[PDB]
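Below is data02.tsv, holding TSV, C-alpha atoms.
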```
chain	number	residue	atom	x	y	z
J	1	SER	CA	87.65	84.46	137.06
J	2	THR	CA	89.99	81.48	136.89
J	3	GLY	CA	93.66	80.73	136.27
J	4	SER	CA	95.57	77.68	135.08
J	5	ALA	CA	99.35	77.26	135.01
J	6	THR	CA	101.68	74.37	134.35
J	7	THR	CA	104.11	73.43	137.10
J	8	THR	CA	107.37	71.69	136.16
J	9	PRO	CA	109.88	69.66	138.21
J	10	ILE	CA	113.22	71.46	138.66
J	11	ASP	CA	115.27	68.28	138.23
J	12	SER	CA	115.09	64.55	137.55
J	13	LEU	CA	114.17	63.76	141.17
J	14	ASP	CA	111.19	66.15	141.50
J	15	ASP	CA	113.04	68.00	144.28
J	16	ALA	CA	110.65	70.94	143.77
J	17	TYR	CA	108.30	72.37	141.15
J	18	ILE	CA	108.38	75.76	139.43
J	19	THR	CA	105.46	77.69	137.96
J	20	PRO	CA	105.79	80.78	135.76
J	21	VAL	CA	104.40	84.00	137.30
J	22	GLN	CA	104.02	87.39	135.58
J	23	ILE	CA	104.97	90.37	137.77
J	24	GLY	CA	104.75	94.04	136.88
J	25	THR	CA	104.11	96.11	133.77
J	26	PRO	CA	105.40	95.17	131.28
J	27	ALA	CA	105.37	91.62	132.59
J	28	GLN	CA	108.49	90.17	134.14
J	29	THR	CA	108.15	86.39	134.22
J	30	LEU	CA	109.76	84.59	137.17
J	31	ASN	CA	109.60	80.87	137.95
J	32	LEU	CA	108.31	80.51	141.50
J	33	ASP	CA	107.97	77.58	143.91
J	34	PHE	CA	104.30	77.44	144.91
J	35	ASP	CA	104.34	76.60	148.61
J	36	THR	CA	101.17	75.64	150.50
J	37	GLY	CA	103.30	75.57	153.68
J	38	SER	CA	104.14	79.31	153.77
J	39	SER	CA	102.48	82.63	153.07
J	40	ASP	CA	105.03	85.02	151.56
J	41	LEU	CA	105.43	85.81	147.86
J	42	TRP	CA	109.10	86.72	147.58
J	43	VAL	CA	111.47	87.08	144.65
J	44	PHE	CA	115.09	87.43	143.69
J	45	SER	CA	115.39	91.05	142.63
J	46	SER	CA	117.62	93.91	141.54
J	47	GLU	CA	118.00	94.58	145.29
J	48	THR	CA	119.39	91.11	146.11
J	49	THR	CA	123.02	91.10	147.30
J	50	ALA	CA	124.96	90.46	144.09
J	51	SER	CA	127.12	87.63	145.47
J	52	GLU	CA	123.91	85.80	146.44
J	53	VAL	CA	122.49	85.72	142.90
J	54	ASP	CA	123.72	82.84	140.69
J	55	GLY	CA	121.61	82.31	137.58
J	56	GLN	CA	118.15	83.28	138.86
J	57	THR	CA	115.87	85.62	136.98
J	58	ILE	CA	115.33	88.83	138.98
J	59	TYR	CA	112.42	91.21	139.43
J	60	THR	CA	113.43	94.83	138.83
J	61	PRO	CA	110.71	97.04	140.29
J	62	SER	CA	112.15	100.22	138.76
J	63	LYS	CA	111.27	98.77	135.32
J	64	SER	CA	107.63	98.21	136.28
J	65	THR	CA	105.25	101.14	135.82
J	66	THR	CA	102.81	99.58	138.31
J	67	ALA	CA	105.33	98.88	141.12
J	68	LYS	CA	105.00	100.93	144.31
J	69	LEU	CA	107.28	100.72	147.33
J	70	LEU	CA	105.27	99.72	150.40
J	71	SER	CA	106.71	102.33	152.70
J	72	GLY	CA	108.35	101.04	155.84
J	73	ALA	CA	107.55	97.38	155.22
J	74	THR	CA	110.12	94.62	155.68
J	75	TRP	CA	110.00	90.82	155.74
J	76	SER	CA	112.12	87.96	157.01
J	77	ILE	CA	111.37	84.26	156.85
J	78	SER	CA	112.98	81.00	157.98
J	79	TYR	CA	111.89	77.66	156.52
J	80	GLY	CA	111.80	74.16	158.00
J	81	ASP	CA	114.88	73.08	156.06
J	82	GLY	CA	116.87	75.90	157.67
J	83	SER	CA	116.91	78.20	154.64
J	84	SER	CA	115.98	81.89	154.88
J	85	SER	CA	115.52	85.22	153.07
J	86	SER	CA	114.58	88.82	153.88
J	87	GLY	CA	114.09	92.24	152.32
J	88	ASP	CA	111.60	95.00	151.59
J	89	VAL	CA	108.21	95.10	149.88
J	90	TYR	CA	106.52	96.45	146.78
J	91	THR	CA	102.97	96.19	145.58
J	92	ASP	CA	102.53	95.28	141.92
J	93	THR	CA	100.34	93.41	139.47
J	94	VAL	CA	100.80	89.64	139.59
J	95	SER	CA	99.27	87.12	137.18
J	96	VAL	CA	99.24	83.33	137.33
J	97	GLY	CA	97.94	81.36	134.38
J	98	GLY	CA	95.70	84.21	133.22
J	99	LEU	CA	94.43	85.18	136.70
J	100	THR	CA	95.46	88.72	137.67
J	101	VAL	CA	95.73	90.34	141.11
J	102	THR	CA	96.45	94.06	141.37
J	103	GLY	CA	98.14	95.42	144.48
J	104	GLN	CA	99.79	92.13	145.42
J	105	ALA	CA	102.61	92.37	147.95
J	106	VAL	CA	105.78	91.32	146.17
J	107	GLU	CA	108.53	90.81	148.72
J	108	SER	CA	111.89	91.76	147.23
J	109	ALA	CA	114.87	89.86	148.63
J	110	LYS	CA	117.85	91.84	149.86
J	111	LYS	CA	119.39	88.67	151.31
J	112	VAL	CA	118.95	84.96	150.66
J	113	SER	CA	120.62	81.94	152.28
J	114	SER	CA	123.06	79.70	150.44
J	115	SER	CA	120.56	77.01	149.44
J	116	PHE	CA	118.53	79.58	147.51
J	117	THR	CA	121.62	81.01	145.79
J	118	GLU	CA	122.76	77.51	144.85
J	119	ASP	CA	119.45	76.65	143.18
J	120	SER	CA	119.47	78.55	139.88
J	121	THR	CA	116.04	77.22	138.86
J	122	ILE	CA	113.94	78.85	141.60
J	123	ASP	CA	113.40	82.61	141.31
J	124	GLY	CA	111.38	82.88	144.52
J	125	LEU	CA	108.38	81.45	146.40
J	126	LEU	CA	104.65	82.02	146.14
J	127	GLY	CA	103.01	81.16	149.46
J	128	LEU	CA	99.60	79.52	149.54
J	129	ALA	CA	99.13	78.78	153.27
J	130	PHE	CA	96.96	81.10	155.36
J	131	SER	CA	97.76	84.82	155.46
J	132	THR	CA	98.16	84.72	159.25
J	133	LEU	CA	101.67	83.30	158.60
J	134	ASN	CA	102.77	86.18	156.35
J	135	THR	CA	105.95	87.77	157.71
J	136	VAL	CA	105.60	91.37	156.46
J	137	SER	CA	106.03	93.94	159.24
J	138	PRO	CA	104.54	96.19	160.52
J	139	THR	CA	101.48	95.53	158.33
J	140	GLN	CA	100.92	91.85	157.51
J	141	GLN	CA	100.07	91.18	153.86
J	142	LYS	CA	97.71	88.77	152.09
J	143	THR	CA	98.62	85.83	149.87
J	144	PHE	CA	97.93	85.76	146.15
J	145	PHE	CA	95.07	83.31	146.76
J	146	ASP	CA	93.55	85.45	149.51
J	147	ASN	CA	93.65	88.51	147.25
J	148	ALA	CA	92.15	86.63	144.28
J	149	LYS	CA	89.52	84.71	146.24
J	150	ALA	CA	86.53	87.00	145.97
J	151	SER	CA	86.98	87.27	142.19
J	152	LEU	CA	87.29	83.52	141.62
J	153	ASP	CA	84.39	81.48	140.23
J	154	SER	CA	84.82	79.21	143.27
J	155	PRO	CA	87.12	79.95	146.27
J	156	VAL	CA	89.51	77.06	145.58
J	157	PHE	CA	92.83	76.16	144.08
J	158	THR	CA	94.02	72.69	143.06
J	159	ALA	CA	97.43	71.03	142.95
J	160	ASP	CA	98.05	68.29	140.38
J	161	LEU	CA	101.77	67.54	140.65
J	162	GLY	CA	103.40	65.14	138.21
J	163	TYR	CA	105.78	62.27	138.84
J	164	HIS	CA	108.86	63.02	136.74
J	165	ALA	CA	106.52	65.12	134.57
J	166	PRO	CA	104.75	68.48	134.44
J	167	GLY	CA	101.48	69.10	136.25
J	168	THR	CA	99.00	71.90	136.92
J	169	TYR	CA	97.91	74.50	139.46
J	170	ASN	CA	94.37	75.73	138.85
J	171	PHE	CA	92.64	78.65	140.57
J	172	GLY	CA	88.89	79.10	140.85
J	173	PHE	CA	87.66	75.79	139.38
J	174	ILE	CA	87.89	72.02	139.69
J	175	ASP	CA	88.90	70.24	136.46
J	176	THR	CA	86.69	67.16	136.57
J	177	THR	CA	88.77	65.51	133.81
J	178	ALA	CA	91.96	65.60	135.92
J	179	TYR	CA	91.12	62.81	138.38
J	180	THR	CA	89.48	59.41	138.62
J	181	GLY	CA	86.60	58.43	140.90
J	182	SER	CA	85.42	60.95	143.47
J	183	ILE	CA	87.09	63.65	145.52
J	184	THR	CA	87.00	62.90	149.26
J	185	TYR	CA	86.93	65.98	151.45
J	186	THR	CA	88.34	66.15	154.97
J	187	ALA	CA	88.42	68.77	157.74
J	188	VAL	CA	91.13	71.42	158.04
J	189	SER	CA	92.45	73.21	161.10
J	190	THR	CA	93.86	76.67	160.41
J	191	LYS	CA	95.08	77.10	164.02
J	192	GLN	CA	98.77	76.92	163.01
J	193	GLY	CA	98.25	78.74	159.69
J	194	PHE	CA	98.66	75.56	157.61
J	195	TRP	CA	96.42	73.27	155.54
J	196	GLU	CA	96.39	70.90	158.51
J	197	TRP	CA	94.30	67.73	158.37
J	198	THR	CA	94.12	64.21	159.85
J	199	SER	CA	94.79	61.12	157.77
J	200	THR	CA	92.87	58.02	158.80
J	201	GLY	CA	95.79	55.61	158.52
J	202	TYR	CA	98.22	53.78	156.27
J	203	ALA	CA	99.29	50.58	154.55
J	204	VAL	CA	102.69	49.34	153.36
J	205	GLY	CA	102.66	47.58	150.01
J	206	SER	CA	99.95	44.92	149.86
J	207	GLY	CA	99.73	44.84	153.67
J	208	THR	CA	96.65	45.41	155.80
J	209	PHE	CA	95.47	48.97	156.40
J	210	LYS	CA	96.22	50.32	159.87
J	211	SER	CA	93.52	52.66	161.14
J	212	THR	CA	95.22	55.44	163.07
J	213	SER	CA	94.90	59.22	163.11
J	214	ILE	CA	97.88	61.08	161.64
J	215	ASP	CA	97.68	64.86	161.91
J	216	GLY	CA	99.80	66.67	159.34
J	217	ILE	CA	100.01	69.43	156.73
J	218	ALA	CA	99.53	69.39	152.96
J	219	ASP	CA	102.74	71.11	151.87
J	220	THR	CA	103.64	71.49	148.20
J	221	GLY	CA	106.87	73.23	149.23
J	222	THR	CA	108.31	70.19	150.99
J	223	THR	CA	109.81	67.43	148.82
J	224	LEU	CA	109.33	64.35	150.96
J	225	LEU	CA	106.73	62.62	153.11
J	226	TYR	CA	107.50	63.05	156.84
J	227	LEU	CA	105.56	60.78	159.20
J	228	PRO	CA	105.83	59.39	162.77
J	229	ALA	CA	108.80	57.13	163.47
J	230	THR	CA	106.58	54.09	164.04
J	231	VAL	CA	105.00	54.44	160.57
J	232	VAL	CA	108.32	55.08	158.84
J	233	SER	CA	110.00	52.11	160.55
J	234	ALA	CA	107.14	49.87	159.42
J	235	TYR	CA	107.66	51.02	155.79
J	236	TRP	CA	111.44	50.58	155.63
J	237	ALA	CA	111.28	47.20	157.40
J	238	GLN	CA	109.80	45.90	154.12
J	239	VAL	CA	112.90	46.91	152.15
J	240	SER	CA	115.89	44.54	152.48
J	241	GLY	CA	118.97	46.41	153.56
J	242	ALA	CA	117.22	49.66	154.40
J	243	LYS	CA	118.47	51.51	157.46
J	244	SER	CA	118.36	54.87	159.16
J	245	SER	CA	121.70	56.64	158.74
J	246	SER	CA	122.52	59.50	161.12
J	247	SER	CA	125.47	60.45	158.90
J	248	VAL	CA	123.31	60.81	155.79
J	249	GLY	CA	120.34	62.25	157.67
J	250	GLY	CA	117.61	59.66	157.23
J	251	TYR	CA	116.61	56.32	155.83
J	252	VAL	CA	118.68	54.96	152.98
J	253	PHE	CA	118.23	51.77	150.99
J	254	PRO	CA	120.12	49.70	148.41
J	255	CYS	CA	119.61	51.27	144.99
J	256	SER	CA	119.02	47.69	143.69
J	257	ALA	CA	115.79	47.41	145.72
J	258	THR	CA	112.24	47.41	144.41
J	259	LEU	CA	110.30	49.69	146.77
J	260	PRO	CA	106.80	48.84	148.02
J	261	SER	CA	103.95	51.30	147.65
J	262	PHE	CA	102.62	53.34	150.56
J	263	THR	CA	98.92	54.03	151.05
J	264	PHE	CA	97.45	56.83	153.15
J	265	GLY	CA	93.84	57.29	154.23
J	266	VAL	CA	91.60	60.25	153.52
J	267	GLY	CA	88.41	59.45	155.37
J	268	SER	CA	87.27	56.09	154.03
J	269	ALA	CA	89.22	56.70	150.78
J	270	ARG	CA	92.78	55.61	150.01
J	271	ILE	CA	95.63	57.24	148.08
J	272	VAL	CA	98.37	54.92	146.83
J	273	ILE	CA	101.91	56.24	146.42
J	274	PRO	CA	103.75	53.92	144.01
J	275	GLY	CA	107.11	52.59	145.24
J	276	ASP	CA	109.04	54.42	142.52
J	277	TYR	CA	107.81	57.79	143.91
J	278	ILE	CA	109.74	57.01	147.12
J	279	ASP	CA	113.13	56.66	145.35
J	280	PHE	CA	115.29	59.80	145.60
J	281	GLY	CA	118.35	58.26	144.06
J	282	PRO	CA	121.99	57.90	145.06
J	283	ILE	CA	123.01	59.78	148.22
J	284	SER	CA	126.06	61.05	146.31
J	285	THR	CA	127.02	60.66	142.67
J	286	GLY	CA	127.93	57.04	141.89
J	287	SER	CA	126.77	55.64	145.23
J	288	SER	CA	124.74	52.44	145.44
J	289	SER	CA	123.01	53.75	148.56
J	290	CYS	CA	119.78	55.58	147.70
J	291	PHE	CA	117.85	58.15	149.71
J	292	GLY	CA	114.32	57.39	150.84
J	293	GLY	CA	111.28	59.52	150.10
J	294	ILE	CA	109.52	58.64	153.36
J	295	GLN	CA	111.32	59.97	156.44
J	296	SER	CA	110.66	60.43	160.16
J	297	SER	CA	109.02	63.64	161.36
J	298	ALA	CA	110.41	63.08	164.85
J	299	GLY	CA	111.98	66.35	165.90
J	300	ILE	CA	110.28	68.37	163.12
J	301	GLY	CA	107.32	68.72	165.43
J	302	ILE	CA	104.75	68.13	162.69
J	303	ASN	CA	103.94	65.49	160.08
J	304	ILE	CA	104.27	66.74	156.51
J	305	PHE	CA	102.41	65.42	153.46
J	306	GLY	CA	104.93	66.83	150.99
J	307	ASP	CA	105.30	66.30	147.24
J	308	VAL	CA	105.89	62.52	147.52
J	309	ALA	CA	102.33	62.18	148.86
J	310	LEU	CA	100.62	65.02	147.04
J	311	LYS	CA	101.85	64.05	143.57
J	312	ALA	CA	99.95	60.72	143.94
J	313	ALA	CA	96.67	62.71	144.13
J	314	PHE	CA	94.57	65.50	142.70
J	315	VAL	CA	94.35	67.87	145.66
J	316	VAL	CA	91.70	70.53	146.30
J	317	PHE	CA	92.56	73.41	148.62
J	318	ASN	CA	89.08	74.70	149.44
J	319	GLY	CA	89.21	78.23	150.80
J	320	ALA	CA	85.54	78.57	151.63
J	321	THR	CA	84.61	80.25	154.93
J	322	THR	CA	85.32	76.92	156.61
J	323	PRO	CA	88.29	75.57	154.66
J	324	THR	CA	88.58	71.89	153.71
J	325	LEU	CA	90.96	69.66	151.73
J	326	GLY	CA	89.93	67.23	149.00
J	327	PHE	CA	91.90	64.26	147.63
J	328	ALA	CA	91.22	62.12	144.56
J	329	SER	CA	93.18	59.41	142.81
J	330	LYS	CA	94.31	60.18	139.26
```

Write the structure described by the file as structure tokens, please.
Amino acid sequence: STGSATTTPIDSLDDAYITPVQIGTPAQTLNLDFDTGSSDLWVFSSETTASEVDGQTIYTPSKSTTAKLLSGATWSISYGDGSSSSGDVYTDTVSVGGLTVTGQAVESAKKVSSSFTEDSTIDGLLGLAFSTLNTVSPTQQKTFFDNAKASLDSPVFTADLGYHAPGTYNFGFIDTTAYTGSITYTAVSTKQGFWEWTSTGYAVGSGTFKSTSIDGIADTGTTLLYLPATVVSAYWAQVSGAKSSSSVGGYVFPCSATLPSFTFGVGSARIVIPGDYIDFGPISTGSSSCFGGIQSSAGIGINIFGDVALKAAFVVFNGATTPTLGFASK
């Protein structure tokens, strides 16, 4: 089997991407944030504290003839940006782009933190990291990908995120028309439960490539590109007026600037992030100070190849017995 679904930016800055997901019988369609940095599929629901729902579409398990309460199971998750959610668990039928999993754990939110409530466009998350990170207790549950894997034509999914435009998540096949040149594959460590890999270096604009190992995670659920302070300082030094602002919470730059590109290495291959992809617009409405899309990972504890990086590539998440990651230009 295979599946193919379009993923759409939630706003004009590509702050996140939503993908429609069918849950239950008859189908209830919710727009979920596909997150290769976590491993829970959770949804706003009829059980979510009413004051914490503001415009989201909810899953109502009592209206699904295939929903079953997973007795005794609870979940609770905290994300890198400080947001969180928790609740109980059902199993139900879940379909993505024509690919159907029966008996998928659907984690129903009883509580969500303010940032989730305040974002009306995201109805929940669909985790695509390794199932070892799943938070369901006392019986850990599998991700959608893990459940689908054996049925897929090939044990892979691909992320093709757009810049200010829709893109595609595919399951079970590689669309050879969706990228240019070749796909370069690179090793993955699953030791921390992430799609963790090592970039071979970087360049700023038309500058010379610096060969240096940068360990980090491919994370569709993180907006920006978080890299070591040395790398980030080298980038922003090429932008007149750019500075790190503790009050704003990162590097800012004059909105009148033309940003240089940023290149990252995948083996001997190179992915170029155009300068415009690094512009996240005014820090507040009407400001002439703009927020940068490349930020320091210092004090996160890990480097993160988030959407800023991933949307410059066609990315293969290869879930073979020994997982790997592939990157192509597009």

Contact residues around segment 201-205 of chain J with all atoms listed in the file at 10 Å, ignoring same-chain residues under 4 positions, as a ChimeraX atom specification = /J:209-214,231-232,234-238,259-268,270-275

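Remark: for residue 216 of chain J, the closest of the candidate residues J:195, J:78, J:190, J:86 is J:195 (distances computed over only C-alpha atoms).
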
Closest-contact table, segment 46-140 of chain J side, partner segment 146-164 of chain J, 12 Å, counting only C-alpha atoms, as a Markdown table:
```
| residue | atom | partner | partner_atom | distance |
| --- | --- | --- | --- | --- |
| J:93 | CA | J:147 | CA | 11.4 |
| J:94 | CA | J:148 | CA | 10.3 |
| J:95 | CA | J:148 | CA | 10.1 |
| J:96 | CA | J:148 | CA | 10.5 |
| J:98 | CA | J:148 | CA | 11.9 |
| J:99 | CA | J:148 | CA | 8.0 |
| J:100 | CA | J:148 | CA | 7.7 |
| J:101 | CA | J:148 | CA | 6.1 |
| J:102 | CA | J:147 | CA | 8.6 |
| J:103 | CA | J:147 | CA | 8.7 |
| J:104 | CA | J:147 | CA | 7.4 |
| J:105 | CA | J:147 | CA | 9.8 |
| J:127 | CA | J:146 | CA | 10.4 |
| J:128 | CA | J:146 | CA | 8.5 |
| J:129 | CA | J:146 | CA | 9.5 |
| J:130 | CA | J:146 | CA | 8.0 |
| J:131 | CA | J:146 | CA | 7.3 |
| J:132 | CA | J:146 | CA | 10.8 |
| J:134 | CA | J:146 | CA | 11.5 |
```

With only C-alpha atoms as the atoms that count, which of J:278, J:97, J:119, J:92 lies nearest to residue 169 of chain J?
-> J:97

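With distances restricted to all atoms listed in the file, J:224 is the closest residue to residue 295 of chain J from J:239, J:283, J:224, J:188.
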
Between J:218, J:122, J:50, J:73, single out the one closest to residue 10 of chain J, counting only C-alpha atoms.
-> J:122

Contacts of residue 139 of chain J within 10 Å, all atoms listed in the file, excl. fewer than 3 positions in-chain, as an NGL selection string = :J and (70 or 72-74 or 134-136 or 142)

Excluding residue 56 of chain J and any residue of its chain fewer than 4 positions from it, enumerate the residues within 10 Å of it, using all atoms listed in the file, and give them as a compact mmCIF listing (two decimals) with C-alpha atoms, in the coordinates of the input.
```
# COMPACT_ATOMS: atom_id res chain seq x y z
CA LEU J 30 109.76 84.59 137.17
CA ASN J 31 109.60 80.87 137.95
CA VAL J 43 111.47 87.08 144.65
CA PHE J 44 115.09 87.43 143.69
CA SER J 45 115.39 91.05 142.63
CA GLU J 52 123.91 85.80 146.44
CA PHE J 116 118.53 79.58 147.51
CA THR J 117 121.62 81.01 145.79
CA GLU J 118 122.76 77.51 144.85
CA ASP J 119 119.45 76.65 143.18
CA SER J 120 119.47 78.55 139.88
CA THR J 121 116.04 77.22 138.86
CA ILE J 122 113.94 78.85 141.60
CA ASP J 123 113.40 82.61 141.31
CA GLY J 124 111.38 82.88 144.52
```

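Of the listed residues J:114, J:233, J:65, J:19, the one whose atoms come nearest to residue 90 of chain J is J:65, with distances taken using all atoms listed in the file.
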
Do you have the atom CA of residue 208 of chain J-atom CA of residue 325 of chain J distance handy?
-> 25.2 Å

Computed interatomic separation between atom CA of residue 279 of chain J and atom CA of residue 292 of chain J (Å) = 5.7 Å

Could you name the residues that touch residue 133 of chain J at 9 Å or less, counting all atoms listed in the file, but leaving out those on the same chain fewer than 3 positions away, as a VMD selection string?
-> chain J and resid 38 to 40 129 to 130 140 192 to 194

J:250, J:181, J:80, J:9: which is nearest residue 307 of chain J, counting all atoms listed in the file?
->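 Closest to residue 307 of chain J of all the choices is J:9.
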
At what distance in Å, to one decimal, does atom CA of residue 34 of chain J lie from atom CA of residue 1 of chain J?
->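 Separating atom CA of residue 1 of chain J from atom CA of residue 34 of chain J is a distance of 19.7 Å.
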
Quick one: everything within 10 Å of residue 61 of chain J, counting only C-alpha atoms, minus sequence neighbours fewer than 5 positions away in the same chain. Send it as a ChimeraX atom specification.
-> /J:23-25,28,45-47,66-69,90-92,106,108
